[PDB]
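>>> pasting an experimental structure, sequence included:
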Amino acid sequence: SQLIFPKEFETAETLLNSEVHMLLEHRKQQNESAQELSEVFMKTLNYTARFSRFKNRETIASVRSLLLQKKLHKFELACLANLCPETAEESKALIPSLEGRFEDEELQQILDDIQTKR
Amino acid sequence: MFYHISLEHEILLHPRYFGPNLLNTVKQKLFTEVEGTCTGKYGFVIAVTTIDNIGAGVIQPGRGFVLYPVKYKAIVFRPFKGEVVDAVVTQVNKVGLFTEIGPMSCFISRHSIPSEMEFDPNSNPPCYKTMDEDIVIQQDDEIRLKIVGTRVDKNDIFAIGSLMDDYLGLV
Amino acid sequence: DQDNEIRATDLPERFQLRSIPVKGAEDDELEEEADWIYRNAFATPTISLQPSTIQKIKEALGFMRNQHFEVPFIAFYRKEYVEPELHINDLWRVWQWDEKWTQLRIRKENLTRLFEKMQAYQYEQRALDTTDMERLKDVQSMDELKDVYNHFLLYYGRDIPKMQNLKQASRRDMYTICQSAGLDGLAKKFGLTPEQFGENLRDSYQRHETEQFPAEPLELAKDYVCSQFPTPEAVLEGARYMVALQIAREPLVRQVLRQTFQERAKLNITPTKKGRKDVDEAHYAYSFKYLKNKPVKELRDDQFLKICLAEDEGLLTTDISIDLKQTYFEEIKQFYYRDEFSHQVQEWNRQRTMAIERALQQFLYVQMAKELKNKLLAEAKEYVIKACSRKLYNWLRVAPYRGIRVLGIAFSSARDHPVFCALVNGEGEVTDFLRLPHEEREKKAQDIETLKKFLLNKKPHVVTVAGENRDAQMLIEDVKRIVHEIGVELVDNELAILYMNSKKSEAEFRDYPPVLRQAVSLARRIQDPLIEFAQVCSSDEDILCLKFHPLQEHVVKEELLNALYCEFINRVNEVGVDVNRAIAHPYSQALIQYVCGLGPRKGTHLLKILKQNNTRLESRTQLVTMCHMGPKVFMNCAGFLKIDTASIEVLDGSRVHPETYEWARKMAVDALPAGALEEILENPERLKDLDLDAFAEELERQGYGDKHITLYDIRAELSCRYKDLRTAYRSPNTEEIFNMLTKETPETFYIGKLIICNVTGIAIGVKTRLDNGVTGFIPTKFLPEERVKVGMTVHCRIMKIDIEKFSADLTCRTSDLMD
């Protein structure tokens, strides 16, 4: 959460719950073109098809691009962009590790940006 | 949460597959016997995105098997405690809620869910509800919750959640 | 503990373990039930192949809710108020829908309180007219109560400080974003409101006319662009999204499309790649592995349970849609359309016709198909539970055979383990037992001989053989001619196997070996079927471990417990239970929990209080005072609660309620009380002395009710006290005999079935045995020792079968591998 609890995940880039969805269905179309998949893969594919707010390679790529410009924690880069808060205060209430870091006007601006990409 | 990490595994390949498609057999066995396994140090693994390289394969002395060390970039789901996640509740009980954060099974106690919520049995989606039915948590509701306890059982991971905070309700 | 409270209070026991507490009604609600219940049950046709009664449901709910009569006490002793139409099972159906009606009001009462607190918030400041209160009052189904609730949550769901007068955890739909950007007006300035489109649909013509706005959509779109929404095409998308969603959560729109899915909805199935291989002829998914344009009304009894069962494992992917594969969108796009050929009308009709289709494709087609799937599945789950109830009905609708001493032959496969048998008393307890351990064929003649020597000592009135293999078919003759030197019956052992593994029997029979404990129950089953089932199937795991259907694991378990426990409570009260027998014999202790009024608690309590007295039931009045049990529960229990009269009112051993004892004496006084105790007991001396009609208008005057066919009972009760109406014990036809031994059924005696087989010996054509043990004759027309050998297993399809000869003819020919 606020501190990273284990020691290995830091040098491991985090994926959005829509980028996961697009590359998992890429694995799907890879599979039926040529064994059958696990319950964990299919159940995760369903779960990330529920909460997939972006549907186009350009849109996910753009959201990645903006969040790379905005200089924030790599854990928080996806924990907002696949959660999509509306108010800055809800982003602060859900994330105890982003309070005291950012000013609220540009917060609402970039939240409007990620909502604009949808 | 949904990480894209690099981790390593070892393939004990049997001498039947020492033909032209040896490396393909190494890849196929990696995809087979790691995908879906829940290593509690590294959470669940969803799908192996790619393989960096297949190492040098040492013949095990006296056993015939070749132990190929493979390193691979794979999707991983990890439940760090004290996290807000997008559950999908599936089974309601007197003790609380049993929900499914994806691959993962999670449990929420009756005193880790708010006191104004009380168990209403006998409704055909038996659900916890307020006194005047403000919002109801029946089967298949996208509740958000704070996972606060995480237990590893070497088969799956069972997380323990709570709704004692702001913004922890149905969506 | 509550186990004291159930024992303490004077309600019927199952009224108290009902999840909703039972409460009385006020004759208006009790009318609001019986017209709803007669609508939602008993009249609406199922979507699968499976008037004056409202007064009877009105009456029945009077006994249950107000006067607290349980279903046994209503279906036998108040038949005038319910019969002809309401059978004993329909009284069980009505009591289950009172449970569903109560949940509907309990949720509506909680939902009226929620809307009025919103009007308490809104009038303190869209329009919550009384129509929003009206449809909430006019809710008839729980499905409609969800359309209203979702409709209310769409608009006024974003109103939290109604509770202020732990925040909300805001929504995830894009609607909240667009309405934050104030695109409501551009949604409003579409040519109609969602509600008036709903009036178009249910009337199927343009009753409300679209209010065209004299502008271009794009030039109106410039007013609403923002930082949140640049690009005035994106405020077209942001507007058509609201129009679709406001159409979606509009109940008048959602109801009418629901009733289209009831009638015109098609089931198309395709298999997965994993289902293109695992599906074969033996798999249950053969009959529907591919389907196109199957209307859901063309579904048959449990077809849809299996389809969603195959979809659950991953074999099939299916969809339910209204259009064929003249679409229904084409039907209803006219209802939101201006025929005026002006250009600005055309883009407004363009935007209108592409907002209405997003409502269909994105919102309604998803939610209505899922809802229809759950409703079809709930039909198919109900058919199985009805089928699992008809089978328990048949196993209990068999009369005890003609105190009966019965010996029961039980065998397993007879190699390294012997055949056992156990004798039983005339009242159910064990008497003696024996072993029958069947060259050494000549030693079987020694075992045949000792059967007569034992039955000459104690005399069975019938011997019963546990059909466990096909080996039973000849064992029948063995003991049959032992007798030729008293009958023989082939009695199945499916609960006897359970009786073995039951820990309850091991308390009864510790030293007795397994097949001996099985051998007890068949002599107990033929002694009386009901008494054994109540004993062995006295726990949840026990009763479900029997097999009533293949699919019975896939229906709602606790529902299946109720529809099986109601069949016990049906039969036990019809039969009646003799109490003072059950204090002595523990084998009959499990019967009394199925009497109305009693149950798991008062049943154990009544027998224990008698053990405090260590006395015998002589009269039903002994129960009310000397067993101090309340007159409300006494009015349920005593009408079915036998007392042996040869142990004192003789009417205590009859199907005559204690309260109607006096009218029973006037049936005997006018046969000319204490002198009349035995008068019609000893003969039904003449049945025409009793003027049954003339008593009825006298019963209209005093007694205060139409007791017309109550008299017809008491007249027939004096004739024969507890005449058992169970069908007399027949012997199995060869169909049952074929099905008992082979452990499989005419849906697995499929003619065309590729089966495993075993050739064991040839004595003309090739003769083979199945693993079931039947004889499989390979026809000479399909026949050579070299072509088919001896000792092996070969894939074989059946062209001809029977049930009496155990012939299971094979082919071995690869030209039979199609059709």
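Yep, it's here. Numbers count the residues shown, from 1 in each chain, chains lettered A, B, ... in the order given.

>>> and the closest residue in space to residue B:41 that isn't next to it in sequence, which of the three is it?
For residue B:41, ignoring the flanking residues on the chain, the nearest one in space by Cβ to Cβ, 6 or more residues apart in numbering or on different chains is residue A:6 at 7.9 Å. Quick note: C-beta positions are derived from backbone N, CA and C, even for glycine. With DSSP: H, G, I helix; E, B strand; the rest coil as the basis, residue A:6 sits in coil.

>>> next up, the contacts around residue C:135.
The contact partners of residue C:135, by Cβ atoms under 8 Å, 6 or more residues apart in numbering or on different chains, come to C:144, C:148, C:251.

>>> quick one: what helix or strand has it in it?
Remark: residue C:135 resides in helix C:130-137, with elements defined by DSSP states H and E.

>>> now for residue B:89: which residues touch it?
Counting by Cβ under 8 Å, 6+ apart, residue B:89 touches B:97-100, B:137-141, B:143.

>>> going by distance to chain A, which of these wins?
Each of the contacts of residue B:89 was scored against chain A by Cβ to the nearest Cβ, and residue B:100 proved nearest at 7.8 Å.

>>> re earlier: could you pull out the buried residues of the helix holding residue C:135?
Along helix C:130-137, the positions that meet the burial threshold by neighbour count (16 or more other Cβ atoms under 10 Å in any protein chain shown) are C:132, C:135-136.

>>> dump those residues into TSV; add distance to residue C:113 as well.
Putting the buried residues of helix C:130-137 into TSV (distance: Cβ to Cβ, whole Å) gives the following:
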residue	distance to residue C:113
C:132	14
C:135	16
C:136	11
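
>>> nearest to chain B, of these?
Nearest to chain B among these, with distances taken as Cβ to the nearest Cβ, is residue C:136, at 12.3 Å.

>>> measure that closest one to chain A for me?
As judged by Cβ to the nearest Cβ, to the nearest Å, residue C:136 and chain A stand 30 Å apart.

>>> okay but that residue is in contact with residue C:148, surely?
Yes: in this structure residue C:136 lies within contact range of residue C:148 using Cβ atoms under 8 Å: 5.6 Å.

>>> overlap in contacts, these two.
residue C:111.

>>> how far away is the nearest residue to residue C:158 once chain neighbours are set aside from residue C:37?
Of all residues beyond its chain neighbours, the one nearest residue C:158 is residue C:176 (6.9 Å), with distances taken as Cβ to Cβ, 6+ apart. The gap separating residue C:176 from residue C:37 is 40 Å, by Cβ to Cβ, to the nearest Å.

>>> neighbour count for these two, which is higher?
Each of residue C:176 and residue C:37 has its neighbours counted (other Cβ atoms under 10 Å in any protein chain shown); residue C:37 has more, 25 against 15.

>>> how much space separates the residue of the stretch 301-450 of chain C at minimum distance from chain B from residue C:442?
With distances taken as Cβ to the nearest Cβ, the stretch 301-450 of chain C approaches chain B most closely at residue C:378, which sits 9.5 Å away. The span separating residue C:378 from residue C:442 equals 62 Å under the rule Cβ to Cβ.

>>> could you do residue C:295 as well?
Residue C:295 sits at a distance of 68 Å from residue C:442 (criterion: Cβ to Cβ).

>>> more crowded one of the two?
In this view residue C:295 and residue C:442 are compared by other Cβ under 10 Å, and residue C:295 has more residues nearby, 13 against 7.

>>> how many neighbours does residue C:541 have?
Neighbours of residue C:541 (other Cβ under 10 Å): 9.

>>> tell me the SS of it?
Following three-state DSSP, the label given to residue C:541 is helix.

>>> show me which residues of chain B sit near chain C.
By Cβ under 8 Å from any Cβ of the partner chain, the residues of chain B that approach chain C are B:114, B:121-124, B:132-134, B:142, B:144, B:165-171.

>>> tally of neighbours for residue 93?
In the absence of a named chain, chain A is used. Residue neighbour count, defined by other Cβ under 10 Å, stands at 18 for residue A:93.

>>> should've been chain C
Applying the criterion other Cβ under 10 Å, we find 18 residues in the vicinity of residue C:93.

>>> which residues touch it?
Residue C:93 makes contact with C:41-42 under the criterion Cβ under 8 Å, 6+ apart.

>>> point me to the residue of chain A nearest chain C.
Among the residues of chain A, residue A:36 lies closest to chain C, at 4.7 Å counting by Cβ to the nearest Cβ.

>>> separation between the residue of the stretch 451-600 of chain C found nearest chain A and residue C:306?
For the stretch 451-600 of chain C and chain A, the shortest gap (Cβ to the nearest Cβ) falls at residue C:554, measuring 18.8 Å. Relative to residue C:306, residue C:554 is positioned 9 Å away (criterion: Cβ to Cβ).

>>> what residue is smack in the middle of chain A?
With distances taken as Cα atoms, centre = their mean, chain A has residue A:16 as the residue nearest its mean C-alpha position (2.7 Å).

>>> so that one sits right up against residue A:78, yeah?
Yes: counting by Cβ under 8 Å, residue A:78 is a contact partner of residue A:16 at 5.1 Å.

>>> list residues touching both of those two?
With Cβ under 8 Å, 6+ apart as the test, residue A:16 and residue A:78 both reach residue B:2.

>>> all helices of the stretch 301-450 of chain C, in order?
Defined through DSSP state H, counting those that start in this stretch, the helices belonging to the stretch 301-450 of chain C, from first to last, are C:303-313, C:328-332, C:343-358, C:365-396, C:441-455.

>>> which of those sits closest to chain A?
Using Cβ to the nearest Cβ as the criterion, the shortest distance between chain A and those is 10.9 Å, found for helix C:303-313.

>>> got the buried residues for the closest one?
Along helix C:303-313, these residues count as buried under the neighbour rule (16+ other Cβ under 10 Å): C:303-311.

>>> one more: stretch C:545-564?
For stretch C:545-564, burial by neighbour count (16+ other Cβ under 10 Å) applies to C:545-546, C:548-549, C:551-552, C:554-555, C:560, C:562-564.
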